[PDB]
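Chemist: Take a look at the following structure, please.
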Amino acid sequence: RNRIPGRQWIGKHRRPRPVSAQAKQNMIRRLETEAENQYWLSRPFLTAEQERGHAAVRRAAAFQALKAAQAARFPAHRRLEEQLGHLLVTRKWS
Amino acid sequence: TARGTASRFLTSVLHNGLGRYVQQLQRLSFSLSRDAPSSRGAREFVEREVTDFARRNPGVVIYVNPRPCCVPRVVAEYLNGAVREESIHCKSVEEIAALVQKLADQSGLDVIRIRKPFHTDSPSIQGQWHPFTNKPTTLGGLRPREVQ
Amino acid sequence: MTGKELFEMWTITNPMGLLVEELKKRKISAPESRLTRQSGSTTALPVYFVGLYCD
Amino acid sequence: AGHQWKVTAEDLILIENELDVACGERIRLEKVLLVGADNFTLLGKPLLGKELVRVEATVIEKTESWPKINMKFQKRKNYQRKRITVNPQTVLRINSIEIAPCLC
Amino acid sequence: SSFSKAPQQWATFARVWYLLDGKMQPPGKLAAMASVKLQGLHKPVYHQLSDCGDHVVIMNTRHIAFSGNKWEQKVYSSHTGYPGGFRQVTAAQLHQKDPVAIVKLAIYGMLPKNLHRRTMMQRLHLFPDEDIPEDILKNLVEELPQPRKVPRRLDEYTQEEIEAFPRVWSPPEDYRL
RNA sequence: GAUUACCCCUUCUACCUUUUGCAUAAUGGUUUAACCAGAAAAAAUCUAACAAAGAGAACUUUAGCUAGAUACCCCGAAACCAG
RNA sequence: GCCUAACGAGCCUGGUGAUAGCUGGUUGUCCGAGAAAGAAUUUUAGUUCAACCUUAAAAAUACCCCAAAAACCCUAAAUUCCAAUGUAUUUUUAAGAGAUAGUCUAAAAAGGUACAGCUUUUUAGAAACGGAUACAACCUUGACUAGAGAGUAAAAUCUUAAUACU
RNA sequence: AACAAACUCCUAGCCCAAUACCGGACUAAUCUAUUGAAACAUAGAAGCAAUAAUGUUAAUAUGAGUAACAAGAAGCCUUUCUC
RNA sequence: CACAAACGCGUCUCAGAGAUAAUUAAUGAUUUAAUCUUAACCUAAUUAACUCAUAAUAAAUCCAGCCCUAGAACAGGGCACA
Ligand SMILES: Nc1nc2c(ncn2[C@@H]2O[C@H](COP(=O)(O)O)[C@@H](O)[C@H]2O)c(=O)[nH]1
Ligand SMILES: [Mg+2]
Ligand SMILES: [Mg+2]
Ligand SMILES: [Mg+2]
Ligand SMILES: [Mg+2]
Ligand SMILES: [Mg+2]
Ligand SMILES: [Mg+2]
Ligand SMILES: [Mg+2]
Ligand SMILES: [Mg+2]
Ligand SMILES: [Mg+2]
Ligand SMILES: [Mg+2]
Ligand SMILES: [Mg+2]
Ligand SMILES: [Mg+2]
Ligand SMILES: [Mg+2]
Ligand SMILES: [Mg+2]
Ligand SMILES: [Mg+2]
Ligand SMILES: [Mg+2]
Ligand SMILES: [Mg+2]
Ligand SMILES: [Mg+2]
Ligand SMILES: [Mg+2]
Ligand SMILES: [Mg+2]
Ligand SMILES: [Mg+2]
Ligand SMILES: [Mg+2]
Ligand SMILES: [Mg+2]
Ligand SMILES: [Mg+2]
Ligand SMILES: [Mg+2]
Ligand SMILES: [Mg+2]
Ligand SMILES: [Mg+2]
Ligand SMILES: [Mg+2]
Ligand SMILES: [Mg+2]
Ligand SMILES: [Mg+2]
Ligand SMILES: [Mg+2]
Ligand SMILES: [Mg+2]
Ligand SMILES: [Mg+2]
Ligand SMILES: [Mg+2]
Ligand SMILES: [Mg+2]
Ligand SMILES: [Mg+2]
Ligand SMILES: [Mg+2]
Ligand SMILES: [Mg+2]
Ligand SMILES: [Mg+2]
Ligand SMILES: [Mg+2]
Ligand SMILES: [Mg+2]
Ligand SMILES: [Mg+2]
Ligand SMILES: [Mg+2]
Ligand SMILES: [Mg+2]
Ligand SMILES: [Mg+2]
Ligand SMILES: [Mg+2]
Ligand SMILES: [Mg+2]
Ligand SMILES: [Mg+2]
Ligand SMILES: [Mg+2]
């Protein structure tokens, strides 16, 4: 008897839905975690210049491994045991 | 599906494992072809493994028949009377071995849905709840509006 | 015999009498049947709990 | 095996995964939360000392689960998948619950 | 613990008759516990496919109380199905007409909406005052505690309790009451 | 899903097609059986032969040549022309 | 109008398997990745190029990116560009198609009535088997299999209803 | 607080959803070559798999024992009556 | 009106009590005057609805046939006078 015009949640006229004490709690708890979050982000150990190149040795190494892993891709070895081993299909008792 | 098929409660045959454990698998019958390739694995299994298997399980009698068949089968048969058929057709030695083991360690009960994971006779030690168990008794044992 | 009762396999037909005899043997006297709990007497499905008392 | 059970002598449990034991082996189930008897009960925090209680179970039967169908479907996307699952199972008979007098 | 099988099973699933006094209670708080006991949700053995549910006898239904202005504002509506058969009736009017109605409707609204509602509605017995067939009296196991504590009027208090509570202010002798 | 138990309880808005979006009150089908719809090797890749050459003639070649294997549907107009 | 029950031009056979950018249909199982539109076009019911994407193959840097740096009157959210650092991606080569008829939500604007579940661009997002009773697009959530375990997420009735002035 | 998910732990694993297009691994049934000989194997081939085309043909239901259909009368049986 | 009927153009009958809305009053506090009062207590005067008195229905199982002011069928009323 009291219709919501058009589609429920979309248009110029929407279903009114209210904010719940639950929702306020949840949102606030998130906020608290974030405030703490940006407390711990506030004081670095090293300064900006103290970390320059501080590990550049590891980073280059990693990339050398990444490269090396790809360079190794080649068709696999083929062995006699395969092509010959196929004959085992017809093996018998006699 | 579960409404589709039959079902059973969890049980043992003859209360196995209570007094002592009895391996339920009774006999094992292989049928294979000396010639046919389909039976290849089954032949190798008979060569190497069967012998050792027979020592590892003294209580099961193993009948091996070479015959002209296209589809090697193994027929497990249990103390329960239960007969379970299998096809070893076109498998490794390894596969067959694993299969024969499954057969060795099964109860012979039918494989269907099992209604619940536990089976207890006398679950109830120290009582079984009834509507009165937690209710206080009154003086004279009168009902709510009863007068004396 | 696992899971089975006593009176499942014993089949004795008059429990009261047998009880009285066994209590004579134990030198205890007179079990008195005393009604303990009940729900609905007027129902087609009543439930009674009868207790037995000795002294 | 990741679950809790209410166990008593002579009984049966069905574990939903493989155990490495021969059929017939006796096994001490170690973690014990609760022990109980008609007149008393011991509670763990959250476990009972191995000296306080010992429950031994036999493995009766190694087996596999009945086939369980699993079917994904989507309306007018032409997508079905049907997969049959069979799970390895292990049936334990629990044998004895013994309880040692040492308690303080 | 040792019972034969049949009597054990019978004792466990046994029906029970609760008596619930209604005088000065909100039909809602009444219907809450009534609903629980009808569905047999107070039994640890509960399941939806077991018939378990117990009889509930509510009495003094006429003396039901309604918090706020609900007696005026709460309207029970129904429709005969015939054109112009739509009937709205204020709770005061409904109660005036049929003593049992209010509490019955509330309970019927709080049961689950399946077919079992119709069955477990048959285990509910409602009496406007305290007059109960002795048949129905003889089954009553126990009486549920009333869900609202009823405040006493001023004339209910003992003079001890009246002199025990402090005079808060001191009225002028000149002032007339 | 289950369940001692057929129902009763609980959970799920047929399927194709078409669409931004279909339980749709958009399309198609009473049902059963039998029939009823992806086809080609230029370049490519993969496997192999022989290799500054390869192909059982004719060609191609600054690692190529030769061979093999990998590929591209079904039903439907109103019409038009000749006899 | 009529010319053998349909004549804006008969019927039958052949041309004929006419031709349809248009509709319909298109048959075993399981696994790996996986796509919303810039350009032309008698073109917007379609094609062919880009950008993405797929299958192989070669490589080397790829995103992320602090200062420094990019306009003349006023001018925001912010871009561009780049070391470090966190990661494993990106670029070429060889083969390929599909797709190119788009929805809502938030944001900046335009048109309209500071109308539309309206229309036109730009940035972002989504298209749960959980929640918002029902629900495409809102919110929670790195979609495997079996358990008769466990912890969590989003989430369920919104407040007020007040005016004495001798 | 609790209760509440494809999230996350837990015990095991065969260890992570999908439309158009794309890649892969398997395979039903036929035939041929050799095996095989209570119904198969390794290859090679194909008219190689139908819950959807107002699909074709046959057969069956539903609507439905429904709509609709018919013979003037008696008698001694071909004689009288009535139209 | 050419069936014994059906029929109108003809004939007969048709209602009590309680409840309210708007709006009027009486008593009377917060605010010792006043004031109908989303102040109490009793209160009066007051539309239509709407409920309800009251009316109607109300004997479980003979039923072949045959009749009917009963009826599509099925049901239903008659069938001892005479
Ligand atoms: N052009 C285009 N169409 C898409 C894409 N993804 C989905 N679609 C279309 O969306 C429809 C259905 O979407 P879905 O069933 O995948 O949710 C189909 O018409 C399908 O072709 C895309 O990335 N590009
Ligand atoms: Mg709407
Ligand atoms: Mg709207
Ligand atoms: Mg449309
Ligand atoms: Mg599309
Ligand atoms: Mg929908
Ligand atoms: Mg519609
Ligand atoms: Mg319909
Ligand atoms: Mg539609
Ligand atoms: Mg239509
Ligand atoms: Mg339809
Ligand atoms: Mg259409
Ligand atoms: Mg269709
Ligand atoms: Mg149709
Ligand atoms: Mg070529
Ligand atoms: Mg292709
Ligand atoms: Mg022309
Ligand atoms: Mg033309
Ligand atoms: Mg003609
Ligand atoms: Mg064509
Ligand atoms: Mg076009
Ligand atoms: Mg269409
Ligand atoms: Mg997409
Ligand atoms: Mg042009
Ligand atoms: Mg392109
Ligand atoms: Mg910068
Ligand atoms: Mg850079
Ligand atoms: Mg287009
Ligand atoms: Mg729009
Ligand atoms: Mg966008
Ligand atoms: Mg939902
Ligand atoms: Mg996810
Ligand atoms: Mg995801
Ligand atoms: Mg949970
Ligand atoms: Mg996951
Ligand atoms: Mg995938
Ligand atoms: Mg073949
Ligand atoms: Mg075919
Ligand atoms: Mg067919
Ligand atoms: Mg038709
Ligand atoms: Mg068809
Ligand atoms: Mg018929
Ligand atoms: Mg007939
Ligand atoms: Mg009909
Ligand atoms: Mg007729
Ligand atoms: Mg005639
Ligand atoms: Mg006064
Ligand atoms: Mg006055
Ligand atoms: Mg009446
Ligand atoms: Mg009669």
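Each chain of the structure tokens is named A, B, ... in the order shown, its residues numbered from 1; ligands are numbered from 1 in display order.
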According to DSSP computed on the backbone, where in segment 13-150 of chain E is there helix (DSSP H, G or I)? Give the residues as a VMD selection string.

Modeler: chain E and resid 27 to 39 61 to 63 70 to 73 91 to 97 101 to 110 116 to 120 134 to 137

Chemist: Around ligand 36, at most 7 Å away and counting only C-alpha atoms (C1' of nucleotides) and all ligand atoms, which residues are there? Put them as a VMD selection string, please.

Modeler: (chain G and resid 32 to 33) or (chain H and resid 17 to 18)

Chemist: Write the residues you've just listed into a file as a PDB file, in the first residue's frame, and include N, CA, C and O atoms (P, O5', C5', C4', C3', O3' and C1' of nucleotides) for each of them.

Modeler:
ATOM      1  P     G G  32      41.709 -25.673 -13.958  1.00  0.00           P
ATOM      2  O5'   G G  32      42.657 -25.194 -15.148  1.00  0.00           O
ATOM      3  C5'   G G  32      44.067 -25.352 -15.070  1.00  0.00           C
ATOM      4  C4'   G G  32      44.778 -24.585 -16.160  1.00  0.00           C
ATOM      5  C3'   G G  32      44.475 -23.099 -16.251  1.00  0.00           C
ATOM      6  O3'   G G  32      45.196 -22.334 -15.297  1.00  0.00           O
ATOM      7  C1'   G G  32      44.404 -24.052 -18.415  1.00  0.00           C
ATOM      8  P     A G  33      44.485 -21.120 -14.510  1.00  0.00           P
ATOM      9  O5'   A G  33      44.086 -20.090 -15.664  1.00  0.00           O
ATOM     10  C5'   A G  33      44.693 -18.807 -15.749  1.00  0.00           C
ATOM     11  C4'   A G  33      44.942 -18.402 -17.184  1.00  0.00           C
ATOM     12  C3'   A G  33      44.074 -17.278 -17.728  1.00  0.00           C
ATOM     13  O3'   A G  33      44.525 -15.993 -17.338  1.00  0.00           O
ATOM     14  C1'   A G  33      44.082 -19.040 -19.269  1.00  0.00           C
TER      15        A G  33
ATOM     16  P     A H  17      39.264 -21.500  -9.689  1.00  0.00           P
ATOM     17  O5'   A H  17      38.095 -22.251 -10.478  1.00  0.00           O
ATOM     18  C5'   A H  17      36.957 -22.778  -9.812  1.00  0.00           C
ATOM     19  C4'   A H  17      35.646 -22.220 -10.337  1.00  0.00           C
ATOM     20  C3'   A H  17      35.576 -21.765 -11.787  1.00  0.00           C
ATOM     21  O3'   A H  17      35.485 -22.826 -12.726  1.00  0.00           O
ATOM     22  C1'   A H  17      34.535 -20.158 -10.431  1.00  0.00           C
ATOM     23  P     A H  18      36.037 -22.642 -14.234  1.00  0.00           P
ATOM     24  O5'   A H  18      35.038 -21.587 -14.899  1.00  0.00           O
ATOM     25  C5'   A H  18      33.696 -21.933 -15.222  1.00  0.00           C
ATOM     26  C4'   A H  18      32.845 -20.707 -15.459  1.00  0.00           C
ATOM     27  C3'   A H  18      33.065 -19.983 -16.783  1.00  0.00           C
ATOM     28  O3'   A H  18      32.324 -20.564 -17.845  1.00  0.00           O
ATOM     29  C1'   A H  18      33.137 -18.419 -15.013  1.00  0.00           C
TER      30        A H  18
END

Chemist: If we count only C-alpha atoms (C1' of nucleotides) and set the cut-off at 7 Å, which residues sit around segment 28-41 of chain C, ignoring sequence neighbours fewer than 5 positions away in its own chain? Please answer as a ChimeraX atom specification.

Modeler: /C:23,46-54 /E:16-17,138-141

Chemist: Could you give me, as a count of residues only, every polymer residue with an atom at most 12 Å away from an atom of ligand 15, counting only C-alpha atoms (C1' of nucleotides) and all ligand atoms?

Modeler: 10

Chemist: Taking only C-alpha atoms (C1' of nucleotides) and all ligand atoms and a cut-off of 12 Å, can you tell me which residues surround ligand 24, written as JSON, numbers by chain?

Modeler: {"G": [40, 41, 42, 43]}

Chemist: So that I have them on file, write out the residues from the current selection with N, CA, C and O atoms (P, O5', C5', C4', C3', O3' and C1' of nucleotides), as a PDB file, in the first residue's frame.

Modeler:
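As a result, part30.pdb now contains:
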ATOM      1  P     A G  40      37.037   8.446 -37.818  1.00  0.00           P
ATOM      2  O5'   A G  40      37.574   8.486 -39.308  1.00  0.00           O
ATOM      3  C5'   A G  40      36.716   8.153 -40.371  1.00  0.00           C
ATOM      4  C4'   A G  40      37.210   6.973 -41.152  1.00  0.00           C
ATOM      5  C3'   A G  40      36.131   6.314 -41.972  1.00  0.00           C
ATOM      6  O3'   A G  40      35.841   7.023 -43.153  1.00  0.00           O
ATOM      7  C1'   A G  40      37.300   4.662 -40.803  1.00  0.00           C
ATOM      8  P     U G  41      34.452   7.816 -43.251  1.00  0.00           P
ATOM      9  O5'   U G  41      33.537   6.797 -44.053  1.00  0.00           O
ATOM     10  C5'   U G  41      34.102   6.036 -45.104  1.00  0.00           C
ATOM     11  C4'   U G  41      33.624   4.610 -45.093  1.00  0.00           C
ATOM     12  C3'   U G  41      32.127   4.408 -45.080  1.00  0.00           C
ATOM     13  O3'   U G  41      31.568   4.581 -46.361  1.00  0.00           O
ATOM     14  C1'   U G  41      33.165   2.906 -43.570  1.00  0.00           C
ATOM     15  P     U G  42      30.261   5.484 -46.537  1.00  0.00           P
ATOM     16  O5'   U G  42      29.088   4.547 -46.008  1.00  0.00           O
ATOM     17  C5'   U G  42      28.761   3.331 -46.669  1.00  0.00           C
ATOM     18  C4'   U G  42      27.275   3.222 -46.879  1.00  0.00           C
ATOM     19  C3'   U G  42      26.784   2.015 -47.665  1.00  0.00           C
ATOM     20  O3'   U G  42      26.484   0.919 -46.807  1.00  0.00           O
ATOM     21  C1'   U G  42      25.689   4.037 -48.371  1.00  0.00           C
ATOM     22  P     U G  43      27.617  -0.032 -46.180  1.00  0.00           P
ATOM     23  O5'   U G  43      28.037   0.701 -44.840  1.00  0.00           O
ATOM     24  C5'   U G  43      29.033   0.157 -43.997  1.00  0.00           C
ATOM     25  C4'   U G  43      28.989   0.845 -42.668  1.00  0.00           C
ATOM     26  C3'   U G  43      27.607   0.949 -42.071  1.00  0.00           C
ATOM     27  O3'   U G  43      27.253  -0.235 -41.396  1.00  0.00           O
ATOM     28  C1'   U G  43      28.720   3.038 -41.911  1.00  0.00           C
TER      29        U G  43
END

Chemist: Could you work out how far atom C1' of residue 47 of chain F lies from atom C1' of residue 59 of chain F, giving the answer in Å with one decimal?

Modeler: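 About the pair atom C1' of residue 59 of chain F and atom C1' of residue 47 of chain F: they are 24.6 Å apart.
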
Chemist: Check every protein, DNA and RNA residue against ligand 6, keep those with an atom at most 9 Å away (counting only C-alpha atoms (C1' of nucleotides) and all ligand atoms), and present them as a PDB file with N, CA, C and O atoms (P, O5', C5', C4', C3', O3' and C1' of nucleotides), in the first residue's frame.

Modeler:
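Final output, saved to pocket27.pdb:
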ATOM      1  P     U F  13      16.202 -19.149  -5.497  1.00  0.00           P
ATOM      2  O5'   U F  13      15.077 -19.193  -6.622  1.00  0.00           O
ATOM      3  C5'   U F  13      13.805 -19.788  -6.377  1.00  0.00           C
ATOM      4  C4'   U F  13      13.021 -19.915  -7.657  1.00  0.00           C
ATOM      5  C3'   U F  13      13.880 -19.865  -8.912  1.00  0.00           C
ATOM      6  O3'   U F  13      13.288 -20.665  -9.926  1.00  0.00           O
ATOM      7  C1'   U F  13      12.374 -18.047  -8.927  1.00  0.00           C
ATOM      8  P     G F  21      23.556  -8.825 -20.412  1.00  0.00           P
ATOM      9  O5'   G F  21      22.310  -8.785 -19.423  1.00  0.00           O
ATOM     10  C5'   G F  21      22.492  -8.584 -18.033  1.00  0.00           C
ATOM     11  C4'   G F  21      21.183  -8.305 -17.344  1.00  0.00           C
ATOM     12  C3'   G F  21      20.070  -9.316 -17.567  1.00  0.00           C
ATOM     13  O3'   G F  21      20.182 -10.442 -16.711  1.00  0.00           O
ATOM     14  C1'   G F  21      19.222  -7.124 -17.832  1.00  0.00           C
ATOM     15  P     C F  22      19.833 -11.928 -17.226  1.00  0.00           P
ATOM     16  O5'   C F  22      18.485 -12.299 -16.475  1.00  0.00           O
ATOM     17  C5'   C F  22      17.308 -11.562 -16.743  1.00  0.00           C
ATOM     18  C4'   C F  22      16.053 -12.367 -16.529  1.00  0.00           C
ATOM     19  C3'   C F  22      16.183 -13.870 -16.734  1.00  0.00           C
ATOM     20  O3'   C F  22      15.248 -14.532 -15.882  1.00  0.00           O
ATOM     21  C1'   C F  22      14.654 -12.997 -18.301  1.00  0.00           C
ATOM     22  P     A F  23      15.731 -15.299 -14.552  1.00  0.00           P
ATOM     23  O5'   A F  23      14.437 -16.095 -14.082  1.00  0.00           O
ATOM     24  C5'   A F  23      14.342 -17.508 -14.206  1.00  0.00           C
ATOM     25  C4'   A F  23      12.919 -17.955 -13.982  1.00  0.00           C
ATOM     26  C3'   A F  23      11.899 -17.388 -14.959  1.00  0.00           C
ATOM     27  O3'   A F  23      11.760 -18.191 -16.127  1.00  0.00           O
ATOM     28  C1'   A F  23      11.159 -17.024 -12.737  1.00  0.00           C
ATOM     29  P     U F  24      12.690 -17.972 -17.424  1.00  0.00           P
ATOM     30  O5'   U F  24      11.742 -17.260 -18.473  1.00  0.00           O
ATOM     31  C5'   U F  24      11.446 -15.883 -18.324  1.00  0.00           C
ATOM     32  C4'   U F  24      10.127 -15.712 -17.638  1.00  0.00           C
ATOM     33  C3'   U F  24       9.123 -14.878 -18.405  1.00  0.00           C
ATOM     34  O3'   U F  24       7.819 -15.332 -18.029  1.00  0.00           O
ATOM     35  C1'   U F  24       9.581 -13.829 -16.362  1.00  0.00           C
TER      36        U F  24
ATOM     37  P     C G 135      16.100 -12.280  -4.190  1.00  0.00           P
ATOM     38  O5'   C G 135      16.363 -10.938  -4.994  1.00  0.00           O
ATOM     39  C5'   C G 135      15.599 -10.646  -6.150  1.00  0.00           C
ATOM     40  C4'   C G 135      15.914  -9.275  -6.673  1.00  0.00           C
ATOM     41  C3'   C G 135      17.364  -9.076  -7.093  1.00  0.00           C
ATOM     42  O3'   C G 135      17.409  -8.176  -8.201  1.00  0.00           O
ATOM     43  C1'   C G 135      16.837  -7.599  -5.315  1.00  0.00           C
ATOM     44  P     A G 136      17.883  -8.705  -9.645  1.00  0.00           P
ATOM     45  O5'   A G 136      19.393  -9.151  -9.373  1.00  0.00           O
ATOM     46  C5'   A G 136      20.203  -9.735 -10.389  1.00  0.00           C
ATOM     47  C4'   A G 136      21.600  -9.147 -10.407  1.00  0.00           C
ATOM     48  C3'   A G 136      21.861  -8.080  -9.347  1.00  0.00           C
ATOM     49  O3'   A G 136      23.266  -8.034  -9.028  1.00  0.00           O
ATOM     50  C1'   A G 136      22.001  -7.104 -11.481  1.00  0.00           C
TER      51        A G 136
END

Chemist: Could you please determine the separation between atom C1' of residue 17 of chain F and atom 1 (Mg, counted along the ligand's line) of ligand 22 in Å, to one decimal place?

Modeler: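 The value is 8.0 Å.
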
Chemist: Taking the DSSP secondary structure from the backbone, can you list the residues of chain D that are strand (DSSP E), as a PyMOL selection string?

Modeler: chain D and resi 12-15+26-29+34-37+40-43+53-64+68-74+79-85+88-99

Chemist: List all protein, DNA and RNA residues that have any atom at most 6 Å from ligand 3, counting only C-alpha atoms (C1' of nucleotides) and all ligand atoms, and write the list as a list in words.

Modeler: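 These are the residues that qualify: residues 5, 6, 7, 8, 9, 10, 11, 12, 13 and 14 of chain A.
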
Chemist: Selected residues, C-alpha atoms, written as an mmCIF file, in the first residue's frame, please.

Modeler:
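The resulting file, out-v8.cif, is reproduced below:
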data_model
loop_
_atom_site.group_PDB
_atom_site.id
_atom_site.type_symbol
_atom_site.label_atom_id
_atom_site.label_comp_id
_atom_site.auth_asym_id
_atom_site.auth_seq_id
_atom_site.Cartn_x
_atom_site.Cartn_y
_atom_site.Cartn_z
ATOM 1 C CA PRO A 5 8.588 4.037 -6.873
ATOM 2 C CA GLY A 6 10.634 2.335 -9.604
ATOM 3 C CA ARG A 7 13.455 0.208 -8.324
ATOM 4 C CA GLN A 8 14.164 -0.049 -4.575
ATOM 5 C CA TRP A 9 17.714 1.185 -4.123
ATOM 6 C CA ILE A 10 18.448 3.118 -7.313
ATOM 7 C CA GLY A 11 16.795 6.268 -8.481
ATOM 8 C CA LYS A 12 15.738 9.753 -7.419
ATOM 9 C CA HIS A 13 13.396 8.099 -4.881
ATOM 10 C CA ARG A 14 14.837 5.297 -2.772
#

Chemist: As a PyMOL selection string, please: every protein or nucleic acid residue near ligand 5 (cut-off 10 Å, counting only C-alpha atoms (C1' of nucleotides) and all ligand atoms).

Modeler: (chain F and resi 18-20) or (chain G and resi 36+99+101-102) or (chain H and resi 19-20)

Chemist: List as a ChimeraX atom specification the protein and nucleic acid residues near residue 55 of chain E, meaning an atom at most 8 Å away when only C-alpha atoms (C1' of nucleotides) are counted, but skip any in the same chain fewer than 2 places from it.

Modeler: /E:15-18,37-38,53,57,123-125

Chemist: Could you write out that same residue set with N, CA and C atoms as a tab-separated table (two decimals), in the first residue's frame?

Modeler:
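The resulting file, part30.tsv, is shown below:
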chain	number	residue	atom	x	y	z
E	15	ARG	N	5.03	-36.03	26.64
E	15	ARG	CA	4.45	-34.68	26.66
E	15	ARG	C	4.26	-34.18	28.09
E	16	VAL	N	4.22	-32.87	28.24
E	16	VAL	CA	4.14	-32.27	29.56
E	16	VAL	C	3.13	-31.13	29.50
E	17	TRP	N	2.45	-30.82	30.59
E	17	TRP	CA	1.49	-29.71	30.58
E	17	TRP	C	1.93	-28.57	31.47
E	18	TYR	N	2.24	-27.44	30.86
E	18	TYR	CA	2.63	-26.28	31.62
E	18	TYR	C	1.45	-25.37	31.88
E	37	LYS	N	7.48	-23.25	24.38
E	37	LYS	CA	7.02	-24.52	24.95
E	37	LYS	C	6.14	-25.31	23.98
E	38	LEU	N	5.46	-24.61	23.08
E	38	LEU	CA	4.64	-25.30	22.09
E	38	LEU	C	5.50	-26.02	21.08
E	53	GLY	N	6.48	-31.34	21.56
E	53	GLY	CA	5.97	-30.04	21.89
E	53	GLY	C	5.07	-30.35	23.04
E	57	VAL	N	-1.20	-24.32	29.12
E	57	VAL	CA	-2.49	-23.81	29.53
E	57	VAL	C	-2.35	-22.40	30.05
E	123	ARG	N	-2.45	-27.87	20.88
E	123	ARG	CA	-1.97	-28.15	22.22
E	123	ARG	C	-2.01	-26.92	23.11
E	124	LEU	N	-2.58	-25.82	22.62
E	124	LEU	CA	-2.70	-24.61	23.42
E	124	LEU	C	-4.10	-24.47	23.99
E	125	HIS	N	-4.21	-24.26	25.30
E	125	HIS	CA	-5.53	-24.13	25.91
E	125	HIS	C	-5.65	-22.81	26.63

Chemist: What residues have any atom no more than 10 Å from ligand 21 when counting only C-alpha atoms (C1' of nucleotides) and all ligand atoms, and can you list them as a list in words?

Modeler: residues 21, 22, 43, 44, 45, 46 and 47 of chain G

Chemist: Keeping only C-alpha atoms (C1' of nucleotides), write those residues as a PDB file, in the first residue's frame.

Modeler:
ATOM      1  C1'   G G  21      25.309  -8.024 -42.774  1.00  0.00           C
ATOM      2  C1'   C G  22      18.355 -10.922 -40.887  1.00  0.00           C
ATOM      3  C1'   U G  43      28.720   3.038 -41.911  1.00  0.00           C
ATOM      4  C1'   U G  44      26.593   2.846 -37.040  1.00  0.00           C
ATOM      5  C1'   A G  45      21.740  -4.988 -37.269  1.00  0.00           C
ATOM      6  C1'   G G  46      28.034  -5.257 -40.599  1.00  0.00           C
ATOM      7  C1'   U G  47      33.164  -5.270 -41.560  1.00  0.00           C
TER       8        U G  47
END
